[PDB]
$ cat model.pdb   # PDB, C-alpha atoms
MODEL        1
ATOM      1  CA  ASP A   1     147.718  82.193  91.520
ATOM      2  CA  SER A   2     145.590  85.106  90.281
ATOM      3  CA  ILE A   3     142.654  83.471  92.040
ATOM      4  CA  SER A   4     144.803  82.813  95.097
ATOM      5  CA  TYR A   5     146.030  86.395  95.593
ATOM      6  CA  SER A   6     142.488  87.756  95.961
ATOM      7  CA  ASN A   7     140.830  85.777  98.747
ATOM      8  CA  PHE A   8     140.853  88.183 101.692
ATOM      9  CA  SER A   9     139.012  91.016  99.930
ATOM     10  CA  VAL A  10     136.213  88.696  98.852
ATOM     11  CA  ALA A  11     136.058  87.073 102.292
ATOM     12  CA  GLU A  12     135.611  90.290 104.275
ATOM     13  CA  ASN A  13     133.302  91.732 101.639
ATOM     14  CA  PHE A  14     131.029  88.689 101.874
ATOM     15  CA  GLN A  15     131.114  89.040 105.675
ATOM     16  CA  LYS A  16     129.717  92.554 105.253
ATOM     17  CA  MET A  17     126.903  91.136 103.116
ATOM     18  CA  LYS A  18     126.005  88.764 105.967
ATOM     19  CA  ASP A  19     125.923  91.622 108.524
ATOM     20  CA  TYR A  20     123.612  93.905 106.561
ATOM     21  CA  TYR A  21     121.256  91.015 105.814
ATOM     22  CA  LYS A  22     120.985  90.220 109.556
ATOM     23  CA  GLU A  23     119.936  93.770 110.285
ATOM     24  CA  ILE A  24     117.401  93.677 107.460
ATOM     25  CA  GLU A  25     115.868  90.772 109.407
ATOM     26  CA  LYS A  26     115.761  92.926 112.574
ATOM     27  CA  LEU A  27     113.939  95.763 110.820
ATOM     28  CA  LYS A  28     111.693  93.159 109.185
ATOM     29  CA  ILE A  29     110.259  92.150 112.559
ATOM     30  CA  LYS A  30     110.265  95.717 113.927
ATOM     31  CA  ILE A  31     108.082  97.067 111.103
ATOM     32  CA  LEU A  32     105.356  94.503 111.851
ATOM     33  CA  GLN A  33     105.342  95.454 115.535
ATOM     34  CA  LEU A  34     104.914  99.072 114.390
ATOM     35  CA  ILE A  35     101.914  98.191 112.183
ATOM     36  CA  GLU A  36     100.339  96.408 115.175
ATOM     37  CA  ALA A  37     100.768  99.603 117.224
ATOM     38  CA  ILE A  38      99.141 101.585 114.391
ATOM     39  CA  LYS A  39      96.109  99.271 114.462
ATOM     40  CA  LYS A  40      95.785  99.735 118.237
ATOM     41  CA  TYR A  41      95.931 103.494 117.614
ATOM     42  CA  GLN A  42      93.118 103.146 115.059
ATOM     43  CA  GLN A  43      90.729 101.268 117.323
ATOM     44  CA  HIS A  44      91.447 103.579 120.264
ATOM     45  CA  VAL A  45      90.734 106.637 118.096
ATOM     46  CA  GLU A  46      87.519 104.832 117.144
ATOM     47  CA  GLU A  47      86.841 104.511 120.885
ATOM     48  CA  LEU A  48      87.335 108.236 121.506
TER      49      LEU A  48
ATOM     50  CA  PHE B   1     195.572  88.531  93.981
ATOM     51  CA  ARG B   2     193.499  91.588  94.854
ATOM     52  CA  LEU B   3     190.151  93.023  93.774
ATOM     53  CA  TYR B   4     189.802  96.788  93.497
ATOM     54  CA  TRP B   5     186.591  98.797  93.186
ATOM     55  CA  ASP B   6     186.036  98.983  89.419
ATOM     56  CA  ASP B   7     186.563  95.247  89.129
ATOM     57  CA  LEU B   8     184.149  94.655  91.961
ATOM     58  CA  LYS B   9     181.098  96.625  90.871
ATOM     59  CA  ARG B  10     181.516  94.775  87.570
ATOM     60  CA  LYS B  11     181.491  91.480  89.460
ATOM     61  CA  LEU B  12     178.324  92.618  91.243
ATOM     62  CA  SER B  13     176.571  93.363  87.953
ATOM     63  CA  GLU B  14     177.646  89.973  86.611
ATOM     64  CA  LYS B  15     176.171  88.294  89.691
ATOM     65  CA  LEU B  16     173.132  90.530  89.410
ATOM     66  CA  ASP B  17     172.040  89.924  85.826
ATOM     67  CA  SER B  18     171.501  86.257  86.715
ATOM     68  CA  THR B  19     169.240  86.374  89.770
ATOM     69  CA  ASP B  20     165.452  86.551  89.628
ATOM     70  CA  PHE B  21     163.413  88.451  92.213
ATOM     71  CA  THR B  22     159.995  87.803  90.668
ATOM     72  CA  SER B  23     159.949  84.093  91.510
ATOM     73  CA  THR B  24     160.838  84.841  95.126
ATOM     74  CA  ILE B  25     158.092  87.460  95.475
ATOM     75  CA  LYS B  26     155.739  84.807  94.144
ATOM     76  CA  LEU B  27     157.211  82.455  96.754
ATOM     77  CA  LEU B  28     156.488  84.826  99.639
ATOM     78  CA  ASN B  29     152.925  85.176  98.408
ATOM     79  CA  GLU B  30     151.988  81.494  98.260
ATOM     80  CA  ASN B  31     149.196  80.055 100.337
ATOM     81  CA  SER B  32     151.598  78.683 102.940
ATOM     82  CA  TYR B  33     152.729  82.136 104.098
ATOM     83  CA  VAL B  34     150.114  84.695 103.140
ATOM     84  CA  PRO B  35     148.359  85.889 106.338
ATOM     85  CA  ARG B  36     151.187  86.521 108.807
ATOM     86  CA  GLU B  37     150.610  88.670 111.839
TER      87      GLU B  37
ENDMDL
END

$ encode --input "model.pdb" --output "structure tokens"
Amino acid sequence: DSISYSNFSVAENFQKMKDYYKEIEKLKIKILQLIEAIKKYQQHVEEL
Amino acid sequence: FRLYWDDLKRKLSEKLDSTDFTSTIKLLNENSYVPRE
């Protein structure tokens, strides 16, 4: 029963862990798009 | 007969030293009742 009285806290807490990991995936793709834009900046500065 | 007050609070304490609330508060916290909006 002491494992049964504590299910909701662990459920919603684990749901939070899922949410923050999803948004770490979103910033994980965004950072690579940024580095691509930095490389385009570099070659255009080389052009000017 | 009749039951007056001082007899009757005594009868309440004699009915009250027997009951158990702890088992019922376990019963309302089992897995067949626990989330109830």

$ interface_residues --input "model.pdb" --of "chain A" --to "chain B" --cutoff "9 Å" --atoms "only C-alpha atoms" --output "PyMOL selection string"
chain A and resi 1+4-5

$ atom_distance --input "model.pdb" --atom1 "CA of residue 20 in chain A" --atom2 "CA of residue 36 in chain B"
28.6 Å

$ atom_distance --input "model.pdb" --atom1 "CA of residue 25 in chain B" --atom2 "CA of residue 15 in chain A"
28.9 Å

$ atom_distance --input "model.pdb" --atom1 "CA of residue 11 in chain B" --atom2 "CA of residue 27 in chain B"
26.9 Å

$ decode --input "model.pdb" --residues "chain B" --atoms "N, CA and C atoms" --output "compact mmCIF listing (two decimals), in the first residue's frame"
# COMPACT_ATOMS: atom_id res chain seq x y z
N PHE B 1 -37.67 1.63 30.12
CA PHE B 1 -36.95 2.48 31.06
C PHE B 1 -36.75 3.84 30.42
N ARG B 2 -35.74 4.57 30.89
CA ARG B 2 -35.30 5.81 30.26
C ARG B 2 -33.78 5.88 30.31
N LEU B 3 -33.22 6.70 29.42
CA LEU B 3 -31.79 6.98 29.38
C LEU B 3 -31.62 8.49 29.52
N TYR B 4 -30.91 8.91 30.56
CA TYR B 4 -30.62 10.33 30.72
C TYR B 4 -29.27 10.64 30.10
N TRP B 5 -28.77 11.86 30.33
CA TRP B 5 -27.58 12.32 29.62
C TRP B 5 -26.31 11.60 30.08
N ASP B 6 -26.08 11.53 31.39
CA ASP B 6 -24.81 11.02 31.90
C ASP B 6 -24.68 9.53 31.64
N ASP B 7 -25.81 8.84 31.52
CA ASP B 7 -25.77 7.45 31.07
C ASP B 7 -25.37 7.38 29.61
N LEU B 8 -25.73 8.40 28.84
CA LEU B 8 -25.76 8.27 27.40
C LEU B 8 -24.43 8.65 26.78
N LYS B 9 -23.74 9.63 27.36
CA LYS B 9 -22.37 9.90 26.91
C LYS B 9 -21.44 8.75 27.29
N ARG B 10 -21.75 8.06 28.39
CA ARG B 10 -21.04 6.85 28.75
C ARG B 10 -21.28 5.75 27.74
N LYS B 11 -22.52 5.62 27.26
CA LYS B 11 -22.82 4.61 26.25
C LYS B 11 -22.15 4.95 24.92
N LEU B 12 -21.97 6.24 24.65
CA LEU B 12 -21.26 6.65 23.44
C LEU B 12 -19.78 6.30 23.53
N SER B 13 -19.16 6.52 24.69
CA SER B 13 -17.75 6.16 24.84
C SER B 13 -17.56 4.65 24.79
N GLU B 14 -18.54 3.88 25.28
CA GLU B 14 -18.42 2.43 25.20
C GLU B 14 -18.62 1.94 23.78
N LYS B 15 -19.43 2.63 22.97
CA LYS B 15 -19.50 2.28 21.56
C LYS B 15 -18.29 2.79 20.80
N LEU B 16 -17.55 3.72 21.39
CA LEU B 16 -16.56 4.47 20.63
C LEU B 16 -15.16 3.93 20.86
N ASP B 17 -14.96 3.19 21.95
CA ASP B 17 -13.65 2.57 22.15
C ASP B 17 -13.51 1.28 21.35
N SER B 18 -14.55 0.89 20.62
CA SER B 18 -14.50 -0.36 19.87
C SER B 18 -14.21 -0.13 18.40
N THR B 19 -14.71 0.96 17.83
CA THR B 19 -14.61 1.18 16.40
C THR B 19 -13.19 1.55 15.99
N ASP B 20 -12.91 1.43 14.71
CA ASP B 20 -11.59 1.62 14.15
C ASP B 20 -11.72 2.48 12.90
N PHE B 21 -11.10 3.66 12.91
CA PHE B 21 -11.23 4.58 11.78
C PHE B 21 -10.13 4.34 10.77
N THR B 22 -8.99 3.83 11.24
CA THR B 22 -7.79 3.67 10.43
C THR B 22 -8.01 2.69 9.28
N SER B 23 -8.73 1.60 9.53
CA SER B 23 -9.00 0.63 8.47
C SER B 23 -9.92 1.22 7.42
N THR B 24 -10.83 2.10 7.82
CA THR B 24 -11.75 2.69 6.85
C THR B 24 -11.04 3.75 6.01
N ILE B 25 -10.09 4.48 6.60
CA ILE B 25 -9.34 5.46 5.82
C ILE B 25 -8.34 4.77 4.90
N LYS B 26 -7.91 3.55 5.26
CA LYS B 26 -7.24 2.72 4.26
C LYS B 26 -8.21 2.30 3.17
N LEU B 27 -9.47 2.02 3.53
CA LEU B 27 -10.43 1.50 2.57
C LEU B 27 -10.80 2.55 1.54
N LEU B 28 -10.83 3.82 1.94
CA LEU B 28 -11.18 4.88 1.01
C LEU B 28 -9.96 5.34 0.22
N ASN B 29 -8.83 4.70 0.44
CA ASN B 29 -7.62 5.03 -0.29
C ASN B 29 -7.11 3.84 -1.10
N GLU B 30 -7.93 2.81 -1.29
CA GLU B 30 -7.53 1.70 -2.13
C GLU B 30 -7.52 2.10 -3.59
N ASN B 31 -7.13 1.15 -4.43
CA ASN B 31 -6.94 1.47 -5.84
C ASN B 31 -8.26 1.39 -6.60
N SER B 32 -9.36 1.09 -5.91
CA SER B 32 -10.65 1.05 -6.58
C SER B 32 -11.45 2.32 -6.32
N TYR B 33 -10.84 3.32 -5.68
CA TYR B 33 -11.55 4.57 -5.40
C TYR B 33 -10.69 5.82 -5.53
N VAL B 34 -9.41 5.71 -5.91
CA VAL B 34 -8.46 6.74 -5.48
C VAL B 34 -8.46 8.02 -6.32
N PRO B 35 -8.51 7.99 -7.69
CA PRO B 35 -8.84 9.28 -8.34
C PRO B 35 -10.33 9.45 -8.54
N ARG B 36 -10.95 10.41 -7.86
CA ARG B 36 -12.39 10.59 -7.99
C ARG B 36 -12.76 12.07 -8.13
N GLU B 37 -12.71 12.57 -9.35
CA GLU B 37 -13.38 13.82 -9.64
C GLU B 37 -14.88 13.58 -9.65
